[PDB]
Amino acid sequence: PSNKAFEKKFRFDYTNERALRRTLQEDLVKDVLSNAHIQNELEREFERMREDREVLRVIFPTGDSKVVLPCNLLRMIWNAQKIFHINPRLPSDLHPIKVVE
Amino acid sequence: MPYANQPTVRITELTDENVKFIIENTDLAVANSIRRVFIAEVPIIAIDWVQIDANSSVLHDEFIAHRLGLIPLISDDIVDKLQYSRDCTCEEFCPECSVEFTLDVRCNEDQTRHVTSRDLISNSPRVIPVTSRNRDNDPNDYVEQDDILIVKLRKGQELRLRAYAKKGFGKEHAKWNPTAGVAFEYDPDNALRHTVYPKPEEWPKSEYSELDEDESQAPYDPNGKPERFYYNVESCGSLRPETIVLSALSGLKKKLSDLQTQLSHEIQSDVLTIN
Amino acid sequence: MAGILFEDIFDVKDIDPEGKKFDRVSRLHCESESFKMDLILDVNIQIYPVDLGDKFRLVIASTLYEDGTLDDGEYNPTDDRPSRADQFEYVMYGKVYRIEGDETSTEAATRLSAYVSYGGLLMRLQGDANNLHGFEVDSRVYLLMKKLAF
Amino acid sequence: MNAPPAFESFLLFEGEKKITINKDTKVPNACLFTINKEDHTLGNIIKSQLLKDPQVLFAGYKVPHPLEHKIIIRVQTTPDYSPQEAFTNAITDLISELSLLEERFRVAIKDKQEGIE
Amino acid sequence: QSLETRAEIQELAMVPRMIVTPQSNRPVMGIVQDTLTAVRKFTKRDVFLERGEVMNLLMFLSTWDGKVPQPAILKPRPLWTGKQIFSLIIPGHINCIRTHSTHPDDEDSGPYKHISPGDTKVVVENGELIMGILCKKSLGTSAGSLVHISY
Amino acid sequence: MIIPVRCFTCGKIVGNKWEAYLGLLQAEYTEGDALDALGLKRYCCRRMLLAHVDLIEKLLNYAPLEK
Ligand SMILES: [Zn+2]
Ligand SMILES: [Zn+2]
């Protein structure tokens, strides 16, 4: 709910609020803050998410979020975090474009 | 081994029937295993083959055979020298592995006749009779004292059979129980919390729980371990109570020493090199 | 002697919060003598009868033998190495599963709360200078309670 | 008549050994004993004598099924002492306590009790 | 009556494969009756086991690792908690929060009140039971039961 | 059909105490005291005798004890 709330939680900001210049969470990604292409491609990603959010609102007019689907992506991420011994306070080591592509 | 404790015994009370005692400074597993031997492993003699010559009684034959097996038999003097049937070289039976009983009764009288344990006769010498009415001067002797009414007979009925009693132990059939019952109790004040009472005031105190005589009910101690087990072995009458205990321990010794011989047999035959 | 991760003398505020309770377990509510830390801990009240009003000394360490790993356990009664304080009155073994603190804004990382689990018996500790010793991975933590002071 | 003959509960069969020893494939100085035709009475007590010993790391028994007369005893000892000798000592010590118990009971009966015979 | 139908049965209709029914993607079969009551009673964290009983339970378990776990209480005398021995029973390392909805606590507003662990809610991590009590909602024919995740 | 030799629950022989019991009840209306004198302490041994029904007595009365 709330378009503003969706925007806040999902959008990957570039203006970087003075909260550790991308050097928080992410690691070397502070080096790709100057990239124009990466900015446009993610901005393209967010553009698909607003359109998907719009179609998905048409599919489920009632507003139920419970659907049957395979895998259960969230439990897998947890299996993934737990085994590799991922500390969520330590800084990241992942490139965003690697994720999108 | 240095960590084996000398337990200890005290006989509180002894009668012709009961034997009531306390075992102390030992393990529960010992107490429980020894209680189980008193039931199953102590051997005795009971009827095992019944051959029915004539039976005109109002009870069917297999019923007569059942009642008759279940009747008690003195064995103390003879249960030891007797050998087990299967082990004995003889085909069928013999004087050396079994003892023979004979019963013959007919109702020629107008009044109903009862068939009893005294009417059963041992072809074997009177070393091993039925439990009731023999050397007697017994204050337990009351009215008929037939020990068991095998059946009743009205004018005209008759009963002729043979029986062969054999040595065996309770694990194999209940007729071979050498006990009327076996009381077993440990830690009467529930110090060790093996049970957890909801509203402990609602429970009574046994004759062993008298210690604090008070009503404070169960003082706790977590550093304790089960000690001092109370027994009361009670004789069915077919084997006197102390003889039940001494034969139980010996049988348990025999069973254990035998397992040691087979375990030795593993190190002698097929040399223990597997592990 | 085991390398020390945390050490302090705590005083007991309460032994029965809300009151729901059980039996043979009790939930302690405590306050540290350095008054910069707070603590909640479940304890086996049946074998270690604690009481309100008295300051208890508590220490936490990830090791026993000298200063190195040993979590391979089966605990092994046969070890005779005096590396263990063993002089402590109550000892529990467990892992740390969850940690928490403000982690959003500028600086953030202000103070800290740690959640630990000793075999189902839970613990909650709050702090700040204990951040080097808290995790949301890594098992092997030992909780030692001793002396109950004077 | 699909019921087994009652003697079979305790009588040893001619094609079966009284005891069998097999090595564990997982951890060292562990052993597995199979005791045939012998229930909790022997098994529970041998488990306890093994637990009494201070050099036994692990001791236990399981009767796999009620209907099948057989128990297994698994024992694990320190990397110095062999599990077979521990088993040998466990019975022999048990033989010693029971003999002393029988002796002490008999002498206790020897007390001026007048219904001993 | 042939190897051919025996092969077909072993692969298609053999029971262990029949666990999660395609009717409503949940377990067709879970832990029922006494055992289910006995599991709740065993997992309460006031349950403590001394060396002798733990070894016997370890003994009844099949796929046991072979290593004996370190008791959650080292002194004065070794004790393992119930959760601890249940935690050897969980295969590999499955994971699930919640999957309790037990009577316990204060639905809708209690977990938001300090997370004073309250012990009610069940959490399992890397194949070890961290906290909580197991019931029909954890173990039963539930959509998210331990049993479903295990399959 | 006549009281069983030995009580089911435990084993204490009990057929021997039947004839004695009918005598005691004829003498006294004290079922409590009757069972006590016979020595039937615990109640399993007591239910045995207290709850028995001696059908045999009616059964014997047919003449043809001959077929
Ligand atoms: Zn013969
Ligand atoms: Zn009875």
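The deposited model was determined using electron microscopy, 7.9 Å.
Heads up, the Cβ atoms here are built off N, Cα and C, so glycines get one too.
Here is what Swiss-Prot says about this protein:
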type: BINDING; residues: F:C7, F:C10, F:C44, F:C45; note: Zn(2+) binding site
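Overlay of Swiss-Prot annotations on the structure.
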{"residue": "F:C7", "record": "Zn(2+) binding site", "CB count, 10 Å": "22"}
{"residue": "F:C10", "record": "Zn(2+) binding site", "CB count, 10 Å": "18"}
{"residue": "F:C44", "record": "Zn(2+) binding site", "CB count, 10 Å": "15"}
{"residue": "F:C45", "record": "Zn(2+) binding site", "CB count, 10 Å": "25"}
Can you name the binding-site residues among F:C7, F:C10, F:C45 whose Cβ is less than 8 Å from some Cβ in chain B?
F:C10
Which of the three DSSP-derived classes (helix, strand, coil) applies to F:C7 (Zn(2+) binding site)?
coil
